[PDB]
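Worksheet: one structure, shown below.
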Amino acid sequence: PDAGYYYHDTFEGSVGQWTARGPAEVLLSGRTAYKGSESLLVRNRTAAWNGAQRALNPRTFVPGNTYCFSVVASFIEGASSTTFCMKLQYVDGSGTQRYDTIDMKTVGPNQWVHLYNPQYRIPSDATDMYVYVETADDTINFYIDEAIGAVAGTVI
Ligand SMILES: [Ca+2]
């Protein structure tokens, strides 16, 4: 736990547990950043659902519990505006993969937007969990920074 944070990805010389969702690719970039000098670039998307993801440990993010999730995202080109969605990917009690929305924000180019939900409740039957970031309907390259999973209510 922490200053309440369970995880806090700054992107300074490390990707942390972040990986690509779909056939995309994620890597550190110094072209833009919200804090420090780097951020996580997400590119090679061929469908809007592609993006950046991180597995969530059920020992720490108990299903049925409420938690805080936060991230800042931006893009520079490829669209005139986009809708960033921060989400939870999981498998339910029936063995079916579900996608639940944690937060979503629409923004134009060259502008950091804050994806944030201090009170997100994880469905009680969830297993094999992943928090992910995508855009709703484009395949633009985008950047994320300051990725945080924390205690319900944490002010970010
Ligand atoms: Ca950074």
Side-chain angles (χ1 to χ4, degrees), residues 1-2 4-11 14-29 34 38-79 81-107 112-154 156:
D2 228 69
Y5 294 171
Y6 286 117
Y7 69 83
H8 178 202
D9 286 291
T10 245
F11 295 102
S14 174
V15 294
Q17 297 306 300
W18 290 95
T19 64
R21 175 176 202 267
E25 185 193 13
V26 303
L27 19 25
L28 288 82
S29 169
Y34 173 65
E38 309 257 63
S39 71
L40 186 78
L41 165 63
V42 190
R43 62 173 187 202
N44 289 188
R45 304 169 58 226
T46 51
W49 60 266
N50 297 187
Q53 79 185 5
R54 185 192 190 274
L56 313 175
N57 181 348
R59 287 165 91 220
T60 306
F61 289 101
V62 188
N65 279 174
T66 296
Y67 298 91
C68 169
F69 289 97
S70 189
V71 69
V72 64
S74 56
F75 73 98
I76 293 158
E77 54 264 327
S81 67
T82 192
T83 292
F84 281 116
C85 306
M86 159 151 244
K87 297 181 77 163
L88 189 68
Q89 170 190 293
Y90 65 99
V91 179
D92 77 5
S94 84
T96 290
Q97 197 171 77
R98 304 274 180 148
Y99 318 96
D100 191 42
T101 300
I102 305 178
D103 200 22
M104 57 183 308
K105 308 262 159 89
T106 70
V107 75
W112 284 108
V113 72
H114 189 201
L115 294 166
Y116 174 56
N117 184 339
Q119 304 289 331
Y120 169 73
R121 186 183 171 302
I122 299 181
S124 50
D125 65 331
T127 56
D128 204 0
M129 306 180 64
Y130 288 86
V131 54
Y132 65 104
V133 189
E134 58 169 32
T135 65
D137 183 34
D138 56 60
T139 49
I140 58 173
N141 303 141
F142 59 90
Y143 303 83
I144 69 178
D145 199 355
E146 290 296 300
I148 301 170
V151 162
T154 16
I156 297 186

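Counting begins at 1 with the first residue of the sequence. Worth knowing before you read on, the calculation uses all heavy atoms, side chains too, and leaves out hydrogens, waters and symmetry mates.
- The CD atom of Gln119 sits 6.5 Å away from the OG1 atom of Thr66 when rounded to the nearest 0.5 Å.
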What's the verdict on side chain to side chain contact (heavy atoms under 4.5 Å, CB included) for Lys87 and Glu134, showing C-alpha distance, side-chain angles and the deciding distance?
-> CA-CA 8 Å; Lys87 297 181 77 163; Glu134 58 169 32; 3.8 Å; yes
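- When side chains are defined from C-beta on, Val15 counts as touching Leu40, because their heavy atoms get closer than 4.5 Å.
- Between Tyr5 and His8, the ring planes are perpendicular. Angles over 60° get that label, and only those under 30° would be called parallel.
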Stepwise, does the side chain to side chain contact (heavy atoms under 4.5 Å, CB included) test hold for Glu25 with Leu41?
-> CA-CA 8 Å; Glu25 185 193 13; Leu41 165 63; over 6 Å; no
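- Taking CD1 of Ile156 as the reference point, atom SG of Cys68 lies at 4.0 Å (rounded to 0.5 Å).
- Side chains of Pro23 and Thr46 form a contact here, defined as non-hydrogen atoms less than 4.5 Å apart.
- Between the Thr154 side chain and the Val151 main chain, a donor and an acceptor come within less than 3.5 Å of each other.
- Using modelled atom types, no side-chain atom of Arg45 and backbone atom of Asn141 make a donor-acceptor pair closer than 3.5 Å.
- Pairing each heavy atom of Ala73 with each of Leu115, the nearest pair is CB-CD1, 4.3 Å.
- Using a distance-only test at 3.5 Å, with no hydrogens or angles considered, no donor-acceptor pair links the side chain of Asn50 to the main chain of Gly22.
- No donor-acceptor distance shorter than 3.5 angstrom exists from the side chain of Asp9 to the backbone of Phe11, with no hydrogens or angles considered.
- With sequence neighbours left out, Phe84 forms a ring pair (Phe, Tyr, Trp, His ring centres under 6.0 Å) with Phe142.
- Legend: residues meeting ring pair (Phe, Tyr, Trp, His ring centres under 6.0 Å) with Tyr143, ordered by chain and number and at least two apart, are absent.
- Judged by distance alone, the side chain of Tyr67 and the main-chain N or O of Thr60 form a donor-acceptor pair under 3.5 Å.
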Dump the intermediate steps for side-chain hydrogen bond (donor to acceptor under 3.5 Å, both in side chains) on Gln53 and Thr19, then the final yes or no.
-> CA-CA 5 Å; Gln53 79 185 5; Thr19 64; 3.1 Å; yes
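- With values rounded to the nearest 0.5 angstrom, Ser29 atom OG is found 9.0 Å from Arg43 atom CZ.
- The two atoms that bring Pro63 and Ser124 nearest to each other are CB-O, 3.7 Å, heavy atoms only.
- Applying the side-chain hydrogen bond (donor to acceptor under 3.5 Å, both in side chains) test to every pair with at least one member in residues 90-104, sequence neighbours left out, gives these pairs: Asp92-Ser94, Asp92-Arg98, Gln97-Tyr99, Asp100-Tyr120, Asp103-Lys105.
- Other residues, nucleotides and ligands contribute more than 12 heavy atoms inside 6.0 Å of the CG atom of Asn65.
- Taking the six-membered ring wherever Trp is involved, the centroid distance between the rings of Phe69 and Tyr6 does not fall below 6.0 Å.
- Counted by atom type alone, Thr10 and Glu146 present one or more donor-acceptor pairs between their side chains at under 3.5 Å.
- With hydrogens and angles disregarded, no donor-acceptor distance shorter than 3.5 Å links the side chain of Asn44 to the backbone of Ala24.
- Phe75 contributes atom CZ, which lies 6.0 Å from atom OG of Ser81 (distance to the nearest 0.5 angstrom).
- Inter-residue side-chain proximity for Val133 and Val42 is flagged as unmet; no heavy-atom pair is nearer than 4.5 Å.
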Please report the C-alpha distance between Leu88 and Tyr132 in whole Å, then the side-chain angles of each, then the deciding distance to 0.1 Å, and finally whether the side chain to side chain contact (heavy atoms under 4.5 Å, CB included) criterion is met.
-> CA-CA 6 Å; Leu88 189 68; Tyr132 65 104; 5.9 Å; no
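- Contact of the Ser39 side chain with the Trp112 side chain is registered, since non-hydrogen atoms from C-beta on lie closer than 4.5 Å.
- Side-chain contact between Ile140 and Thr82: present, with at least one pair of heavy atoms (C-beta onward) separated by less than 4.5 Å.
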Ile148 and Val71: side chain to side chain contact (heavy atoms under 4.5 Å, CB included), yes or no, with the steps?
-> CA-CA 6 Å; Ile148 301 170; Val71 69; over 6 Å; no
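- Panel note: side chain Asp145, backbone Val72; no donor-acceptor pair is recorded below 3.5 Å.
- Minimum heavy-atom separation, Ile144 to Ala52: CD1-CB, 4.2 Å.
- Listed for the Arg54 side chain is no donor-acceptor partner under 3.5 Å among the backbone atoms of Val131.
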